[PDB]
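Working notes for the structure below.
All of the numbers you see were taken from the coordinates with simple rules; none came from a lab. We place every Cβ from the backbone using ideal geometry, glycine too, and count neighbours over all the protein chains shown.
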Amino acid sequence: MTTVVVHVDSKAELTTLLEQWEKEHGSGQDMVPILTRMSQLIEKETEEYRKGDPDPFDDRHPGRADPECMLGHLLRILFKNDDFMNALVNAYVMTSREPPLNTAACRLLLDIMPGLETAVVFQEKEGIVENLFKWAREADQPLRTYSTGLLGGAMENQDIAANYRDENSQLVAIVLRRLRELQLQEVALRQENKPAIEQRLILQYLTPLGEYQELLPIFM
Amino acid sequence: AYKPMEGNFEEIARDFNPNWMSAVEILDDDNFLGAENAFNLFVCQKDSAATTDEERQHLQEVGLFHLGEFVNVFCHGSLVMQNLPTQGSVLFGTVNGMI
């Protein structure tokens, strides 16, 4: 109880965002430098999370686990959505073509990366998988910065990777060539006096399908 | 199957009808000869119409024969001289001395 911080409060900043987006009903505004907070309010919240020496086997939420720090306090607020935030998945994906229009989904589905549990990508609105086959072969570079690990929840399911055990293998032929390029980019930028955040988030996508069968041939 | 790229075996197909085997032999990598304890011959042919995945893991028994003799061995090679008709030759070993 009475859990207040010694710094500037984060929930009052959250509620100040909860009085702007929650009243946005067809008003004709674009929140793309304002919803940068929703991807930045949790990263400073991640920046203080490394002090407690976390256990990386945390498939749950700290709201169930760790009420000692501000990570568990704030993830519960944006998860009890009551079919209000849940229409954003039907909105910014199904009728989304433009890059500021796709800014409002790919910079935000990565904000609910622990929250995306099972059935959003498993829903019959499953064209988002084929959209992510479209949003990886043909996307923008700030978009593909935030587009590779979006089916990370799909590869955690053993039912999506069995329905797509050859459709994904098409996409693996693309992403390894880009994965070869970054060792040619970043090392040559460091081989001068003698960027890796995509390299972090592509391997997050490629990890759960590193185990499956018939994919070792194009690996080696 | 054996995929050299993967390094591991792979089940293409499987017959399901329970016959007690006696000896088997590959003919031409499409037709596969099998014997039986019940003194019989049959060939399972690998299925061609790969329309789905259920119908391509099921072999089909193509042809039946009662070779009235137990079968022990199979081997290649003919008994006539090479003059360089029919194609291939498989000889079989028995229990009554009837090659």
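Miscellaneous remarks
- Flag for A:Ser147 being surrounded by 14 or more Cβ atoms within 10 Å (Cβ to Cβ) and under 22 Å from A:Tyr92 (Cβ atoms): yes
- Leading residue by the ranking (farthest from the chain's Cα centre (by Cα)) among those in the range B:55-99 that are more than 16 Å from B:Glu36 (Cα to Cα) and β-branched (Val, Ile, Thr): B:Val80
- Per this entry, B:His58 is not counted among residues that are over 30 Å from A:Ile218 (Cα atoms) and out of contact with any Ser or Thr (no Cβ under 9 Å at 6 or more places or on another chain).
- The strands (runs of 3 or more DSSP E) falling completely within the range B:10-88 that include 1 or more residues that are touching an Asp or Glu at 6+ places or on another chain (Cβ under 6 Å) map to B:31-35, B:41-45, B:60-65, B:71-75.
- Counting only helices (runs of 4 or more DSSP H) that fall entirely inside the range A:110-220 and contain at least 3 residues that are among the β-branched types (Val, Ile, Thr), the qualifying elements are A:167-190.
- One residue from B:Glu61, B:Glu25, B:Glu6, B:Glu10 being of a type in the set (D, E, K, R), touching a strand residue (DSSP E or B) at 6+ places or on another chain (Cβ under 9 Å), within 14 Å of chain A (Cβ to nearest Cβ) and at negative phi: B:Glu10
- Subset of the range A:74-97 [β-branched (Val, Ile, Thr) and either surrounded by 13 or more Cβ atoms within 10 Å (Cβ to Cβ) or in a helix (DSSP H, G or I) (or both)]: A:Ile77, A:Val89, A:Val93
Residues checked against (1) closer than 16 Å to B:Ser89 by Cβ; (2) aliphatic (A, V, I, L, M); (3) loosely packed, with under 13 Cβ neighbours inside 10 Å:
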{"site": "B:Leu27", "(1), (2), (3)": "yes, yes, no"}
{"site": "B:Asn31", "(1), (2), (3)": "yes, no, no"}
{"site": "B:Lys46", "(1), (2), (3)": "no, no, no"}
{"site": "B:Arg56", "(1), (2), (3)": "no, no, no"}
{"site": "B:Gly63", "(1), (2), (3)": "no, no, yes"}
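- Some residue of the range B:40-48 being more than 14 Å from every other protein chain (Cβ to nearest Cβ) and β-branched (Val, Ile, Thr): yes
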